[PDB]
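In what follows, one protein chain appears twice in different forms, each by itself as structure tokens: structure 1 and structure 2.
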Structure 1
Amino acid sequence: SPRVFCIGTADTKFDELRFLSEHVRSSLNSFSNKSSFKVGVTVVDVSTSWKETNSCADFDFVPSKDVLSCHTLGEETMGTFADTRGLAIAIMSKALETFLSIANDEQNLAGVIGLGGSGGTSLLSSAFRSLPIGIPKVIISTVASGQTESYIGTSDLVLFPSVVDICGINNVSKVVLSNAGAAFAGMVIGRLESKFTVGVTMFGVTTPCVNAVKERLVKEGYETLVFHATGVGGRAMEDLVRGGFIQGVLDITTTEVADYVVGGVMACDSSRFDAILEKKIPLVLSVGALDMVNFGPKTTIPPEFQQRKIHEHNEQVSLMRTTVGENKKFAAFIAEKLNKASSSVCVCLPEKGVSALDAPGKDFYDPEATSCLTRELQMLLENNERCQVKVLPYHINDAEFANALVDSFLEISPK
């Protein structure tokens, strides 16, 4: 029996929470005029002050204390914080995540919706995006206009702008809250009343390779999802991997690894590749654009790097050429992960170059680094039975390398 949850800090936004819940319940009943399964609405209070709310009109209601009592302090909140409210909100956020995780297991979670300022949005966002892609996740937020990445991440979380600060039901909020609630109900009802995909990492400097590979793959009958390797791309792909949306990966551009080691703006986190290996799905990995760490503009470039070989791609971004010593570090990080594999993995290395800038007669060209990267990889993976290392006589953007990458994928994932 489908149920949705309306969540907010009742101690500060009780009437708005009530209004929204009220409008969501009414909308769910209207839109499903075709009828069938009835959708239940439960109101959840996530207040962190001591002010207690024991009910919300005639709605099934969960008080602040019940959300917390289902939770046990974890690593997510063991760090340091700016103030007392920030820590309280962080703990409540995780407690909410646990509460929703239980709801999604022993209950039929059909969607979640909430509202809040920067604090409430921060509290709700974290918990909401932990739910599977597809499940309606909506928040009316006073901070939907501005930097939203820390709230949305790689999820399908939707932030409806509140237009004016959330403070009581007025002629403005009535409309904003009404539309948001009607949207959520629409998403919920629509969802209730109703090919092998390969993930590929890309950069401008490796697009020739990516498009060739993509075209070949489509011809082989696969569907593809391309991810810009800006740090978020790699993560977006891996979350989709654990989400069951991707059955195979051709990690052509692993450049995010460089920014992680050196300290660039488009870096991956220490968990890169983990998701792929744990799902045990076929993986063909390469070294695309591993010759550059992202920064930009020049002035931003940390002091100790202004003495490095820089390339101004444009005004806002500049690319730094990776040294020979840094590449060995890249290999260590990659190998360290790959040596944990419990399923087939193939590493394809292009002898000629790793990017359009790392080619004969190009700015970043450095066969000394390319050569080093290759050797370190072969040696670190030499005793890995699950991994094969191929060193091809081509440049990453050559059409034959692209087709070689696909061949390697086919052999570890036959069709």
Structure 2
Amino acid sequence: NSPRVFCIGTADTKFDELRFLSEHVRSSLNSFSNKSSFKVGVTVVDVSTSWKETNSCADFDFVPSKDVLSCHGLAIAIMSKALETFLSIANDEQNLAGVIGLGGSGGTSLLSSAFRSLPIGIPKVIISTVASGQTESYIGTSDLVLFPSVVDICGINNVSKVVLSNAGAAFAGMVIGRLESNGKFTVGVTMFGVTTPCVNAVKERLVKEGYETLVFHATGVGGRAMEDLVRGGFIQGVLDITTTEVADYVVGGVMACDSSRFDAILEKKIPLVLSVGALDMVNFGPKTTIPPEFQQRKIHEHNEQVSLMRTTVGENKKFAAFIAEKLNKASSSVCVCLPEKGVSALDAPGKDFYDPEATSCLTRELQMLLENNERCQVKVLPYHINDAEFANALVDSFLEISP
């Protein structure tokens, strides 16, 4: 079985741009092969939502809107799932060597969605009219590239010729280069300004024990990035020291995790020590964009830019739910580890967000809620989270679970 790339667009309206690209890719694939043996099949793919029907492209193996729509603003949402799943499948026969697509606003968003469900490392490219603006929605935590089109996508000219030529070259080199070619155990750890004592320490120890590290700034995306690399198969254990992202979720901060937090790790059945890193705060900023439902709470303006808000006792009770829920479904080994005195630089004896009534409630609540579960151990400990003796715990708890 030989390797195959996909050139994907809306074919009814952009046949000429897409033929141009497809041609240039196949050509460039061929010109850049060395060790080779295989040529890479270049198949064009239509994802037009219109009733208009184009059923071949040049000579290329082609696949019309239907064949894609068959796989299980609402026009985009349909066809993108169709693509995503259409691509899930081709990945499986195990010779999807890349994806490429062109598109303006609506199309970019369509492709973006399909492409970034592919394994990190498979080359994902889109020549896009909306590359040069705001791309978070499109790229996210993936490695998707977006080539600015410079001019609109309307037929081949002067400019589109070079721009499309360059992106085909780009994509052909990626795909060959990867056809024509880890060692360590990487762990990943989640950090916040106010929890680095703990994380720095653990990163240190981890390095000396022989393990490699990937720290994530728990910004929601940060968390999700981690899980999308474990899921990928890059991160072989986690120490989720900082779970503040959960707090921003149940009360609605500006750096929330979404409701799938932890699944990816548990689904991949990999060593998972965990803790309450920074559960004491939910994030916002500046003051007036903070909702008027709590202009009477314990806030700590960190910058003009960001503002932190201290989690009430009741809110921490809710954090203990979310985490325990997910934890209790644990298909393999786990270990919670709680700092009793405080969960953050600011939740410190003397400091601004100190409250052990909180961080005791949170400690018990999770001691009880996880009480039954066999795999998930729990270790309440007589420390603050930053005390490097905690760090020893975490790395030790982890050392236990791991090979």
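The term rigid core refers to the maximal set of C-alpha atoms that superpose within 1.5 Å between the two forms. All residue numbers here refer to structure 1's sequence, counted from 1.
For residue 302, the Cα shift between structures 1 and 2 is 0.7 Å when the rigid core is held fixed in the overlay. The rigid core superposition between structures 1 and 2 gives a CA shift for residue 66 of 2.1 Å. The Cα position of residue 149 changes by 1.7 Å between structures 1 and 2 once both are aligned on the rigid core.
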